[PDB]
2 protein chains.
Amino acid sequence: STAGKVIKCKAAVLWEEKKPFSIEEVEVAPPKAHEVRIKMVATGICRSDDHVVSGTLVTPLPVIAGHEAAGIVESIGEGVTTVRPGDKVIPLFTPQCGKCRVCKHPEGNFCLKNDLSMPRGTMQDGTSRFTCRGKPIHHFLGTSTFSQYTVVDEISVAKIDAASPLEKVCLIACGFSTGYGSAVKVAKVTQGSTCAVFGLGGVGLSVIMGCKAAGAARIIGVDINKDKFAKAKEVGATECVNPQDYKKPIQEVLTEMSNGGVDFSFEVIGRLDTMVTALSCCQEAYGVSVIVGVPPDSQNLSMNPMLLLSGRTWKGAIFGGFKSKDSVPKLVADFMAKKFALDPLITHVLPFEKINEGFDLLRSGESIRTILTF
Amino acid sequence: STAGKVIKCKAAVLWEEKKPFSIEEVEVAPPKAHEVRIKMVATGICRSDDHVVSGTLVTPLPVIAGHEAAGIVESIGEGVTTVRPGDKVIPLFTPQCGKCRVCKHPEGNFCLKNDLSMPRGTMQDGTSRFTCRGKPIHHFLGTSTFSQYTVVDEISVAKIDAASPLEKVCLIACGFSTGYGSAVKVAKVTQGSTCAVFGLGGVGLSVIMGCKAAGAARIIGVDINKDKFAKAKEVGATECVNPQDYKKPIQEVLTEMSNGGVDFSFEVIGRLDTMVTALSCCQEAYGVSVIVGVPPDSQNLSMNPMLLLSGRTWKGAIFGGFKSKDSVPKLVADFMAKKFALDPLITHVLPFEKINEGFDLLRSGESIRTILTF
Ligand SMILES: NC(=O)c1ccc[n+]([C@@H]2O[C@H](COP(=O)([O-])OP(=O)([O-])OC[C@H]3O[C@@H](n4cnc5c(N)[nH+]cnc54)[C@H](O)[C@@H]3O)[C@@H](O)[C@H]2O)c1
Ligand SMILES: NC(=O)c1ccc[n+]([C@@H]2O[C@H](COP(=O)([O-])OP(=O)([O-])OC[C@H]3O[C@@H](n4cnc5c(N)[nH+]cnc54)[C@H](O)[C@@H]3O)[C@@H](O)[C@H]2O)c1
Ligand SMILES: OCc1c(F)c(F)c(F)c(F)c1F
Ligand SMILES: OCc1c(F)c(F)c(F)c(F)c1F
Ligand SMILES: [Zn+2]
Ligand SMILES: [Zn+2]
Ligand SMILES: [Zn+2]
Ligand SMILES: [Zn+2]
């Protein structure tokens with residue numbers, strides 16, 4: 001009965017940077033060819049969503065943000081073959097078109113149809129499916145999950161197990177998969193190795209999970225908020241350090257602790273200084289450092305390339321290096337089979353209507369993941 | 001007999017930066033325990049030696065430079081087991097102690113006994129075997145090949161094929177092995193790939209040789225000196241481009257040429273700007289860039305970490321990633337078995353007494369490798 005019709009529903013609209021979300025009615029157009037309209041069930045609050053508010057991440061405004069979610073297909077546009085109405089699905093903030101040079105490459109996942117490099121805030125066809133107060137509203141990363149209903153391109157949705165608990169598996173849409181893949185896929189952490197993880201939020205805890213899964217002997221968590229240490233130890237940290245406790249820079253402390261540098265380091269914060277510190281603290285001849293955190297818009301870091309000439313490897317990744325549409329259903333299946341845990345990331349649950357409280361919890365330092373229910 | 005005695009011989013002493021070498025008599029002490037004294041046969045002129053003259057590289061002066069050589073063992077100190085008097089040998093500017101965490105690591109080569117990071121310009125025991133006009137003279141990288149005789153620590157020498165032509169295989173001591181290994185071992189260039197090589201000197205040409213041996217389909221040479229293009233094509237470059245011919249930055253040109261970025265790029269110059277250009281021209285999701293060129297002392301580059309967050313890998317290496325004492329004898333064996341060529345790198349052969357003329361050929365752009373013969 002809603003198929004082919006505009007849906008009026010509530011969404012969280014961001015009209016201006018550095019302001020609360022406005023929970024208000026929007027109009028959601030029906031899906032066009034190769035589009036899917038989804039009734040959202042659950043969405044996480046990721047620090048990247050907060051970056052849109054802060055202006056750390058620049059995307060066109062006004063916008064419907066949100067990218068870490070799961071829901072149920074309401075309708076499909078003409079030509080959709082990969083999902084049907086009533087399927088559980090995860091929107092993919094990194095698409096998988098399956099046709100570009102990246103999608104065809106065995107190690108590529110940053111599909112060329114993404115809306116991350118140079119955000120337009122549209123559907124693939126350059127238009128918007130959202131109206132609010134009679135004004136067009138931007139999409140975000142082709143997902144826009146802070147809405148009771150969204151419309152996504154087919155290449156930005158994956159069908160998942162019909163028995164999935166959506167209020168848990170929404171974390172597979174960003175923070176778990178990112179952190180876990182950054183360790184197991186991107187860094188390829190080895191058994192018996194020493195790892196350092198900068199930032200112990202939902203993504204850095206997920207990095208720890210992956211390092212533990214990979215068999216690391218030592219996993220050193222690094223955060224300026226010591227309240228984050230207990231959960232980091234629960235999921236696999238062997239020791240935690242707060243840079244503020246030390247007179248010396250933490251790259252020197254970590255080099256000492258690891259008897260000459262760590263095997264693998266991860267930046268999971270989004271600071272230029274900790275990206276350089278994390279590179280420096282990995283062993284100079286064979287160490288690997290992975291950037292996961294989102295840097296502030298248009299800012300350059302400064303570093304000495306001798307850090308690389310000695311033998312270090314420096315890399316970054318989006319979404320843990322996972323090809324998104326292939327990987328999300330497998331990761332859900334693996335969760336179903338208890339191959340990893342999501343509950344340690346979930347610290348708070350709120351209704352969608354309390355989104356602003358959920359952001360307040362992230363900004364205060366209290367939460368890891370708040371899951372919003374529609 | 002010379003064994004156990006001070007040798008008075010000829011050497012090229014560098015008394016201060018930005019001056020010609022002084023060809024004069026030095027005294028060479030006999031080797032102490034675990035040291036080897038070598039009669040030099042041939043040495044190449046590597047740009048890194050020029051860096052010591054120019055102040056691009058800081059190392060204690062006065063000094064006997066030179067690091068790309070081969071010779072014949074004159075005598076051995078107590079406890080040497082790996083070479084004997086009369087053996088052909090290559091001094092190793094990156095040692096292989098075999099005992100440190102790097103030497104024990106399957107992918108490490110930058111042995112902690114090296115004299116590159118924080119140069120002392122001595123033997124392992126912190127003393128010098130060289131004097132000139134009554135003054136102690138520094139070693140360089142544990143090698144000091146610009147001398148009729150040197151003394152090296154055993155961990156800094158490899159025994160090579162007794163039938164080796166030392167006037168050719170001296171290039172395995174630095175420039176061939178560095179470039180070749182940078183392609184085949186550090187980048188791991190793939191069959192069918194597209195590579196970009198910045199800098200078409202002896203090292204860059206050896207990178208091309210490696211990229212061709214690895215089966216690359218396209219190898220784009222980049223140099224501001226178009227006189228370097230003909231030899232680059234002879235050894236495998238499919239295209240050459242001079243940045244100076246273009247209105248656009250060369251990263252844009254190379255991105256366009258490669259239909260979205262190269263698979264592998266190499267910086268083989270030693271400039272901060274070309275290190276960032278080389279990173280940028282590799283494909284953003286799966287590209288790999290390797291820094292080979294030695295940067296100027298204490299200078300930082302500026303870059304946008306989004307270049308890495310999309311998926312690029314950035315790495316550097318010394319000596320092509322090769323564990324030096326294991327690798328150099330095998331490389332010489334492979335050359336003897338016609339597995340690669342060295343003659344394309346040798347443009348000039350001069351007596352040692354013409355060292356200054358050899359440096360002038362390098363600085364003017366004319367030469368690739370000048371070999372000095374003792
Ligand atoms: N690459 C991707 O695909 C991807 C995916 C998800 C998130 N992100 C980014 O990853 C980062 C972490 O996200 P999250 O886990 O949701 O955020 P979060 O919950 O804010 O966690 C960040 C942690 O960093 C800690 N921190 C802040 N400053 C410092 C400091 N100077 N030193 C040490 N610790 C410090 C902070 O206390 C917090 O616990 C953010 O920048 C996200 O935008 C990237
Ligand atoms: N990593 C190692 O182990 C290692 C070993 C050997 C050499 N090196 C370094 O590698 C670099 C190359 O050494 P080499 O081949 O003997 O030197 P070289 O013979 O001077 O070659 C450098 C080339 O770069 C070209 N060039 C200069 N500026 C530019 C520019 N802006 N854009 C493009 N091309 C440019 C120049 O014309 C020349 O052909 C030097 O910095 C060495 O110190 C490092
Ligand atoms: O948290 C995932 C995430 C990113 F990794 C980004 F790089 C980005 F720009 C963004 F908007 C985003 F949501
Ligand atoms: O050409 C080899 C070479 C290097 F790669 C350096 F990094 C360096 F400092 C040096 F002195 C050297 F000779
Ligand atoms: Zn694609
Ligand atoms: Zn996210
Ligand atoms: Zn060693
Ligand atoms: Zn050299």
# chains A, B, ... in the order shown; residues from 1 in each chain; ligands from 1

$ select_by_dssp --residues "segment 60-145 of chain A" --states "helix (DSSP H, G or I)" --output "list in words"
residues 101, 102, 103 and 104 of chain A

$ residues_near_ligand --ligand "ligand 6" --cutoff "9 Å" --atoms "only C-alpha atoms and all ligand atoms" --output "PyMOL selection string"
chain A and resi 44-49+66-68+93+173-175+178+203+319

$ residues_near_ligand --ligand "ligand 1" --cutoff "6 Å" --atoms "only C-alpha atoms and all ligand atoms" --output "VMD selection string"
chain A and resid 46 to 48 174 to 175 178 198 to 204 222 to 225 268 to 270 292 to 294 317 to 319 368

$ residues_around --residues "segment 350-364 of chain B" --least-positions-apart "5" --cutoff "10 Å" --atoms "only C-alpha atoms" --output "PyMOL selection string"
chain B and resi 10-12+19-24+41-47+49-50+53+146-148+201+369-374

$ closest_residue --among "A:262, A:207, A:303, A:151" --to "chain B" --atoms "only C-alpha atoms"
A:303

$ closest_residue --among "A:168, A:212, A:105, A:135" --to "chain B" --atoms "only C-alpha atoms"
A:105

$ closest_residue --among "A:113, A:305, A:136, A:184" --to "ligand 4" --atoms "only C-alpha atoms and all ligand atoms"
A:305

$ residues_around --residues "residue 257 of chain B" --least-positions-apart "2" --cutoff "12 Å" --atoms "only C-alpha atoms" --output "compact mmCIF listing (two decimals) with N, CA and C atoms, in the first residue's frame"
# COMPACT_ATOMS: atom_id res chain seq x y z
N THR B 194 50.72 -1.80 -13.90
CA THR B 194 51.24 -0.54 -14.38
C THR B 194 52.07 0.10 -13.28
N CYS B 195 53.32 0.43 -13.59
CA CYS B 195 54.26 1.02 -12.63
C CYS B 195 54.66 2.41 -13.10
N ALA B 196 54.98 3.31 -12.19
CA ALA B 196 55.59 4.63 -12.46
C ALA B 196 56.86 4.74 -11.65
N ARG B 218 53.09 -2.17 -18.10
CA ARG B 218 53.42 -0.77 -18.40
C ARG B 218 54.40 -0.31 -17.34
N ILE B 219 55.41 0.39 -17.78
CA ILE B 219 56.40 0.97 -16.86
C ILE B 219 56.69 2.39 -17.33
N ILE B 220 56.17 3.37 -16.64
CA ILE B 220 56.27 4.77 -17.05
C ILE B 220 57.44 5.39 -16.28
N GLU B 239 56.88 3.86 -21.68
CA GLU B 239 56.62 5.31 -21.91
C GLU B 239 57.61 6.06 -21.01
N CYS B 240 58.00 7.30 -21.36
CA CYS B 240 58.71 8.25 -20.46
C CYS B 240 58.02 9.61 -20.55
N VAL B 241 57.92 10.28 -19.43
CA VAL B 241 57.34 11.61 -19.35
C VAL B 241 58.25 12.51 -18.53
N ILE B 250 52.23 16.40 -12.52
CA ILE B 250 52.49 15.08 -13.16
C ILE B 250 51.66 13.99 -12.46
N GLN B 251 51.26 14.16 -11.16
CA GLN B 251 50.37 13.13 -10.56
C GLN B 251 49.08 13.07 -11.38
N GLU B 252 48.55 14.22 -11.83
CA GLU B 252 47.31 14.22 -12.63
C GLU B 252 47.55 13.55 -13.98
N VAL B 253 48.66 13.87 -14.61
CA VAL B 253 49.03 13.28 -15.91
C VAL B 253 49.09 11.76 -15.74
N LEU B 254 49.79 11.31 -14.70
CA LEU B 254 49.95 9.84 -14.54
C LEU B 254 48.65 9.13 -14.17
N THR B 255 47.81 9.81 -13.40
CA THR B 255 46.49 9.29 -13.05
C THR B 255 45.69 9.12 -14.35
N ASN B 259 44.41 5.54 -16.40
CA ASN B 259 42.95 5.33 -16.30
C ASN B 259 42.56 5.21 -14.82
N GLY B 260 43.11 6.04 -13.96
CA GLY B 260 42.64 6.13 -12.59
C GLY B 260 43.72 5.91 -11.58
N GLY B 261 45.01 5.83 -11.94
CA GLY B 261 46.15 5.64 -11.02
C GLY B 261 46.90 4.37 -11.32
N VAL B 262 48.17 4.40 -10.95
CA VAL B 262 49.06 3.25 -11.22
C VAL B 262 48.94 2.20 -10.10
N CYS B 281 49.91 9.49 -7.28
CA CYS B 281 49.66 8.93 -8.63
C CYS B 281 49.33 7.45 -8.58
N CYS B 282 49.55 6.77 -7.45
CA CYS B 282 49.09 5.37 -7.33
C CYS B 282 47.60 5.35 -7.01
N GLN B 283 46.93 4.25 -7.47
CA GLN B 283 45.45 4.16 -7.39
C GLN B 283 45.05 4.28 -5.92

$ interface_residues --of "chain B" --to "chain A" --cutoff "7 Å" --atoms "only C-alpha atoms" --output "JSON, numbers by chain"
{"B": [102, 107, 108, 109, 110, 285, 286, 291, 292, 299, 300, 301, 302, 303, 304, 305, 308, 309, 310, 311, 312, 313, 314, 315, 316, 317, 318]}

$ write_last_selection --atoms "C-alpha atoms" --output "PDB file, in the first residue's frame"
ATOM      1  CA  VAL B 102      65.286  -7.280  12.669  1.00  0.00           C
ATOM      2  CA  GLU B 107      60.780  -9.262   6.322  1.00  0.00           C
ATOM      3  CA  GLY B 108      63.334  -7.113   8.149  1.00  0.00           C
ATOM      4  CA  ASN B 109      66.678  -6.052   6.651  1.00  0.00           C
ATOM      5  CA  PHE B 110      67.584  -2.814   8.418  1.00  0.00           C
ATOM      6  CA  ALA B 285      42.141   2.167  -3.167  1.00  0.00           C
ATOM      7  CA  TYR B 286      44.863  -0.421  -3.825  1.00  0.00           C
ATOM      8  CA  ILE B 291      60.215   5.609  -1.290  1.00  0.00           C
ATOM      9  CA  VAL B 292      63.751   4.766  -2.377  1.00  0.00           C
ATOM     10  CA  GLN B 299      63.158  18.036   6.499  1.00  0.00           C
ATOM     11  CA  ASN B 300      59.496  16.965   6.846  1.00  0.00           C
ATOM     12  CA  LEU B 301      57.021  16.541   4.023  1.00  0.00           C
ATOM     13  CA  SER B 302      53.381  17.705   4.131  1.00  0.00           C
ATOM     14  CA  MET B 303      50.578  15.390   2.968  1.00  0.00           C
ATOM     15  CA  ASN B 304      46.863  14.768   3.279  1.00  0.00           C
ATOM     16  CA  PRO B 305      46.226  11.492   5.156  1.00  0.00           C
ATOM     17  CA  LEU B 308      46.128   6.691   2.794  1.00  0.00           C
ATOM     18  CA  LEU B 309      42.607   6.367   4.294  1.00  0.00           C
ATOM     19  CA  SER B 310      41.158   5.413   0.872  1.00  0.00           C
ATOM     20  CA  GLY B 311      43.454   2.350   0.777  1.00  0.00           C
ATOM     21  CA  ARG B 312      46.937   3.308  -0.506  1.00  0.00           C
ATOM     22  CA  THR B 313      50.037   1.656   0.956  1.00  0.00           C
ATOM     23  CA  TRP B 314      53.156   3.810   1.449  1.00  0.00           C
ATOM     24  CA  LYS B 315      56.466   2.198   2.349  1.00  0.00           C
ATOM     25  CA  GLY B 316      60.198   2.734   2.065  1.00  0.00           C
ATOM     26  CA  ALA B 317      63.254   0.559   2.209  1.00  0.00           C
ATOM     27  CA  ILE B 318      67.005   0.437   2.418  1.00  0.00           C
TER      28      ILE B 318
END

$ select_by_dssp --residues "segment 39-199 of chain A" --states "strand (DSSP E)" --output "PyMOL selection string"
chain A and resi 39-44+69-76+88-91+130-132+135-137+149-153+157-159+194-198

$ closest_residue --among "B:82, B:143, B:126, B:5" --to "ligand 8" --atoms "only C-alpha atoms and all ligand atoms"
B:143

$ residues_around --residues "residue 71 of chain B" --least-positions-apart "2" --cutoff "10 Å" --atoms "only C-alpha atoms" --output "PDB file with N, CA, C and O atoms, in the first residue's frame"
ATOM      1  N   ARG B  37      90.187  -6.876   6.566  1.00  0.00           N
ATOM      2  CA  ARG B  37      90.806  -5.817   5.747  1.00  0.00           C
ATOM      3  C   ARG B  37      90.836  -6.253   4.267  1.00  0.00           C
ATOM      4  O   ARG B  37      91.199  -7.413   3.971  1.00  0.00           O
ATOM      5  N   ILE B  38      90.341  -5.352   3.442  1.00  0.00           N
ATOM      6  CA  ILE B  38      90.021  -5.650   2.023  1.00  0.00           C
ATOM      7  C   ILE B  38      90.812  -4.703   1.104  1.00  0.00           C
ATOM      8  O   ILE B  38      90.814  -3.464   1.312  1.00  0.00           O
ATOM      9  N   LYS B  39      91.463  -5.302   0.103  1.00  0.00           N
ATOM     10  CA  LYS B  39      92.062  -4.529  -1.011  1.00  0.00           C
ATOM     11  C   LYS B  39      90.940  -4.261  -2.019  1.00  0.00           C
ATOM     12  O   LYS B  39      90.374  -5.227  -2.573  1.00  0.00           O
ATOM     13  N   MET B  40      90.619  -3.001  -2.204  1.00  0.00           N
ATOM     14  CA  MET B  40      89.522  -2.658  -3.118  1.00  0.00           C
ATOM     15  C   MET B  40      89.907  -2.847  -4.581  1.00  0.00           C
ATOM     16  O   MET B  40      91.062  -2.584  -4.987  1.00  0.00           O
ATOM     17  N   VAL B  41      88.955  -3.315  -5.370  1.00  0.00           N
ATOM     18  CA  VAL B  41      89.131  -3.558  -6.829  1.00  0.00           C
ATOM     19  C   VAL B  41      88.332  -2.537  -7.649  1.00  0.00           C
ATOM     20  O   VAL B  41      88.867  -1.944  -8.580  1.00  0.00           O
ATOM     21  N   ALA B  42      87.065  -2.314  -7.320  1.00  0.00           N
ATOM     22  CA  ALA B  42      86.214  -1.383  -8.063  1.00  0.00           C
ATOM     23  C   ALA B  42      85.190  -0.809  -7.067  1.00  0.00           C
ATOM     24  O   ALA B  42      84.697  -1.575  -6.192  1.00  0.00           O
ATOM     25  N   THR B  43      84.818   0.427  -7.306  1.00  0.00           N
ATOM     26  CA  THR B  43      83.745   1.071  -6.567  1.00  0.00           C
ATOM     27  C   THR B  43      82.918   1.932  -7.502  1.00  0.00           C
ATOM     28  O   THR B  43      83.456   2.660  -8.348  1.00  0.00           O
ATOM     29  N   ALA B  69      80.903  -1.256  -3.642  1.00  0.00           N
ATOM     30  CA  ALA B  69      82.222  -1.705  -4.065  1.00  0.00           C
ATOM     31  C   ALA B  69      82.343  -3.211  -4.002  1.00  0.00           C
ATOM     32  O   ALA B  69      81.582  -3.941  -3.386  1.00  0.00           O
ATOM     33  N   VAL B  73      89.939  -9.901  -0.001  1.00  0.00           N
ATOM     34  CA  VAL B  73      90.397  -9.951   1.392  1.00  0.00           C
ATOM     35  C   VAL B  73      91.922 -10.017   1.428  1.00  0.00           C
ATOM     36  O   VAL B  73      92.506 -10.945   0.852  1.00  0.00           O
ATOM     37  N   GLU B  74      92.501  -9.040   2.118  1.00  0.00           N
ATOM     38  CA  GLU B  74      93.957  -9.065   2.416  1.00  0.00           C
ATOM     39  C   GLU B  74      94.272  -9.800   3.699  1.00  0.00           C
ATOM     40  O   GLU B  74      95.262 -10.583   3.750  1.00  0.00           O
ATOM     41  N   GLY B  86      92.203 -13.678   0.207  1.00  0.00           N
ATOM     42  CA  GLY B  86      92.092 -14.048  -1.216  1.00  0.00           C
ATOM     43  C   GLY B  86      90.648 -14.101  -1.724  1.00  0.00           C
ATOM     44  O   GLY B  86      90.440 -14.162  -2.930  1.00  0.00           O
ATOM     45  N   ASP B  87      89.692 -14.063  -0.808  1.00  0.00           N
ATOM     46  CA  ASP B  87      88.271 -14.173  -1.230  1.00  0.00           C
ATOM     47  C   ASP B  87      87.864 -12.857  -1.903  1.00  0.00           C
ATOM     48  O   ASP B  87      88.207 -11.781  -1.427  1.00  0.00           O
ATOM     49  N   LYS B  88      87.038 -12.969  -2.927  1.00  0.00           N
ATOM     50  CA  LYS B  88      86.298 -11.794  -3.434  1.00  0.00           C
ATOM     51  C   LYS B  88      85.169 -11.533  -2.431  1.00  0.00           C
ATOM     52  O   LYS B  88      84.480 -12.454  -2.031  1.00  0.00           O
ATOM     53  N   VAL B  89      84.978 -10.245  -2.204  1.00  0.00           N
ATOM     54  CA  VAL B  89      83.986  -9.799  -1.194  1.00  0.00           C
ATOM     55  C   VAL B  89      83.306  -8.513  -1.632  1.00  0.00           C
ATOM     56  O   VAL B  89      83.908  -7.700  -2.350  1.00  0.00           O
ATOM     57  N   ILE B  90      82.091  -8.363  -1.148  1.00  0.00           N
ATOM     58  CA  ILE B  90      81.363  -7.076  -1.177  1.00  0.00           C
ATOM     59  C   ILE B  90      81.127  -6.570   0.227  1.00  0.00           C
ATOM     60  O   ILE B  90      80.461  -7.236   1.000  1.00  0.00           O
ATOM     61  N   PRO B  91      81.595  -5.325   0.496  1.00  0.00           N
ATOM     62  CA  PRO B  91      81.231  -4.685   1.756  1.00  0.00           C
ATOM     63  C   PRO B  91      79.745  -4.403   1.728  1.00  0.00           C
ATOM     64  O   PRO B  91      79.190  -3.976   0.720  1.00  0.00           O
ATOM     65  N   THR B 145      84.675   2.728   1.001  1.00  0.00           N
ATOM     66  CA  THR B 145      85.214   2.058  -0.177  1.00  0.00           C
ATOM     67  C   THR B 145      86.063   2.951  -1.066  1.00  0.00           C
ATOM     68  O   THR B 145      86.650   2.424  -2.029  1.00  0.00           O
ATOM     69  N   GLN B 148      92.195   2.414  -1.263  1.00  0.00           N
ATOM     70  CA  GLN B 148      92.783   1.176  -1.798  1.00  0.00           C
ATOM     71  C   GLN B 148      92.582   0.026  -0.835  1.00  0.00           C
ATOM     72  O   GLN B 148      92.570  -1.135  -1.282  1.00  0.00           O
ATOM     73  N   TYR B 149      92.548   0.338   0.470  1.00  0.00           N
ATOM     74  CA  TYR B 149      92.259  -0.686   1.495  1.00  0.00           C
ATOM     75  C   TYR B 149      91.246  -0.113   2.474  1.00  0.00           C
ATOM     76  O   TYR B 149      91.316   1.078   2.796  1.00  0.00           O
ATOM     77  N   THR B 150      90.361  -0.987   2.922  1.00  0.00           N
ATOM     78  CA  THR B 150      89.421  -0.658   4.032  1.00  0.00           C
ATOM     79  C   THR B 150      89.490  -1.817   5.033  1.00  0.00           C
ATOM     80  O   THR B 150      89.879  -2.944   4.699  1.00  0.00           O
ATOM     81  N   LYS B 159      81.142 -12.811   1.278  1.00  0.00           N
ATOM     82  CA  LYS B 159      81.930 -13.563   0.288  1.00  0.00           C
ATOM     83  C   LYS B 159      81.117 -13.827  -0.974  1.00  0.00           C
ATOM     84  O   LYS B 159      79.969 -14.227  -0.862  1.00  0.00           O
ATOM     85  N   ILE B 160      81.754 -13.621  -2.127  1.00  0.00           N
ATOM     86  CA  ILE B 160      81.090 -13.792  -3.426  1.00  0.00           C
ATOM     87  C   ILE B 160      81.911 -14.736  -4.331  1.00  0.00           C
ATOM     88  O   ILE B 160      83.054 -15.088  -3.999  1.00  0.00           O
ATOM     89  N   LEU B 166      84.596  -8.059 -10.771  1.00  0.00           N
ATOM     90  CA  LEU B 166      84.330  -7.113  -9.679  1.00  0.00           C
ATOM     91  C   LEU B 166      84.026  -5.724 -10.197  1.00  0.00           C
ATOM     92  O   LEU B 166      83.304  -4.993  -9.542  1.00  0.00           O
ATOM     93  N   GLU B 167      84.492  -5.424 -11.396  1.00  0.00           N
ATOM     94  CA  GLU B 167      84.185  -4.157 -12.052  1.00  0.00           C
ATOM     95  C   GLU B 167      82.710  -4.079 -12.492  1.00  0.00           C
ATOM     96  O   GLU B 167      82.303  -2.930 -12.866  1.00  0.00           O
ATOM     97  N   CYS B 170      80.305  -4.919  -8.369  1.00  0.00           N
ATOM     98  CA  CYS B 170      80.265  -3.851  -7.372  1.00  0.00           C
ATOM     99  C   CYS B 170      78.884  -3.161  -7.335  1.00  0.00           C
ATOM    100  O   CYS B 170      78.518  -2.703  -6.284  1.00  0.00           O
ATOM    101  N   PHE B 374      90.710   0.565  -9.090  1.00  0.00           N
ATOM    102  CA  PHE B 374      91.906   0.846  -8.262  1.00  0.00           C
ATOM    103  C   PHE B 374      93.159   0.380  -8.994  1.00  0.00           C
ATOM    104  O   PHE B 374      93.064  -0.625  -9.717  1.00  0.00           O
TER     105      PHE B 374
END

$ closest_residue --among "B:323, B:34, B:104, B:338" --to "residue 185 of chain B" --atoms "only C-alpha atoms"
B:323

$ residues_around --residues "residue 7 of chain A" --least-positions-apart "4" --cutoff "9 Å" --atoms "only C-alpha atoms" --output "PyMOL selection string"
chain A and resi 2+26-30+149

$ residues_around --residues "segment 187-192 of chain B" --least-positions-apart "4" --cutoff "6 Å" --atoms "only C-alpha atoms" --output "list in words"
residues 183, 214, 215, 216 and 217 of chain B

$ write_last_selection --atoms "N, CA and C atoms" --output "PDB file, in the first residue's frame"
ATOM      1  N   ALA B 183      61.458  -3.126  -6.376  1.00  0.00           N
ATOM      2  CA  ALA B 183      60.353  -3.617  -7.219  1.00  0.00           C
ATOM      3  C   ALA B 183      59.895  -5.029  -6.858  1.00  0.00           C
ATOM      4  N   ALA B 214      59.296  -8.729 -13.073  1.00  0.00           N
ATOM      5  CA  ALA B 214      58.074  -9.095 -12.344  1.00  0.00           C
ATOM      6  C   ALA B 214      56.891  -9.160 -13.318  1.00  0.00           C
ATOM      7  N   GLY B 215      57.052  -8.781 -14.581  1.00  0.00           N
ATOM      8  CA  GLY B 215      55.993  -8.904 -15.604  1.00  0.00           C
ATOM      9  C   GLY B 215      55.090  -7.721 -15.731  1.00  0.00           C
ATOM     10  N   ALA B 216      55.481  -6.564 -15.245  1.00  0.00           N
ATOM     11  CA  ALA B 216      54.589  -5.401 -15.407  1.00  0.00           C
ATOM     12  C   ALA B 216      54.277  -5.215 -16.873  1.00  0.00           C
ATOM     13  N   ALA B 217      53.053  -4.774 -17.189  1.00  0.00           N
ATOM     14  CA  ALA B 217      52.665  -4.536 -18.614  1.00  0.00           C
ATOM     15  C   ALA B 217      53.095  -3.126 -19.021  1.00  0.00           C
TER      16      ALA B 217
END

$ atom_distance --atom1 "atom CA of residue 132 of chain B" --atom2 "atom CA of residue 4 of chain B"
19.2 Å

$ closest_residue --among "A:206, A:324, A:128, A:367" --to "ligand 5" --atoms "only C-alpha atoms and all ligand atoms"
A:324

$ atom_distance --atom1 "atom CA of residue 249 of chain B" --atom2 "atom CA of residue 277 of chain B"
8.5 Å

$ decode --residues "segment 286-313 of chain A" --atoms "C-alpha atoms" --output "PDB file, in the first residue's frame"
ATOM      1  CA  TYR A 286      59.224  -4.067   9.593  1.00  0.00           C
ATOM      2  CA  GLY A 287      56.460  -2.309  11.489  1.00  0.00           C
ATOM      3  CA  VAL A 288      53.015  -1.614   9.923  1.00  0.00           C
ATOM      4  CA  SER A 289      50.748   1.287  10.875  1.00  0.00           C
ATOM      5  CA  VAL A 290      47.089   1.582   9.776  1.00  0.00           C
ATOM      6  CA  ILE A 291      45.135   4.860   9.728  1.00  0.00           C
ATOM      7  CA  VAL A 292      41.496   4.308  10.587  1.00  0.00           C
ATOM      8  CA  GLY A 293      40.521   7.655  12.105  1.00  0.00           C
ATOM      9  CA  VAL A 294      38.959  10.351   9.906  1.00  0.00           C
ATOM     10  CA  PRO A 295      41.208  13.410   9.665  1.00  0.00           C
ATOM     11  CA  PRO A 296      39.918  16.967   9.859  1.00  0.00           C
ATOM     12  CA  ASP A 297      38.796  18.393   6.570  1.00  0.00           C
ATOM     13  CA  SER A 298      41.548  19.550   4.158  1.00  0.00           C
ATOM     14  CA  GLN A 299      44.338  19.456   6.799  1.00  0.00           C
ATOM     15  CA  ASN A 300      47.792  18.050   6.037  1.00  0.00           C
ATOM     16  CA  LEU A 301      50.098  16.256   8.454  1.00  0.00           C
ATOM     17  CA  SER A 302      53.835  16.798   8.632  1.00  0.00           C
ATOM     18  CA  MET A 303      56.251  13.859   8.915  1.00  0.00           C
ATOM     19  CA  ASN A 304      59.856  12.839   8.277  1.00  0.00           C
ATOM     20  CA  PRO A 305      59.977  10.318   5.365  1.00  0.00           C
ATOM     21  CA  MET A 306      62.998   8.621   7.035  1.00  0.00           C
ATOM     22  CA  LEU A 307      60.305   6.886   9.156  1.00  0.00           C
ATOM     23  CA  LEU A 308      59.358   5.051   5.915  1.00  0.00           C
ATOM     24  CA  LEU A 309      62.802   4.705   4.283  1.00  0.00           C
ATOM     25  CA  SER A 310      63.955   2.385   7.113  1.00  0.00           C
ATOM     26  CA  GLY A 311      61.193  -0.129   6.222  1.00  0.00           C
ATOM     27  CA  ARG A 312      57.897   0.888   7.834  1.00  0.00           C
ATOM     28  CA  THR A 313      54.627   0.383   5.994  1.00  0.00           C
TER      29      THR A 313
END
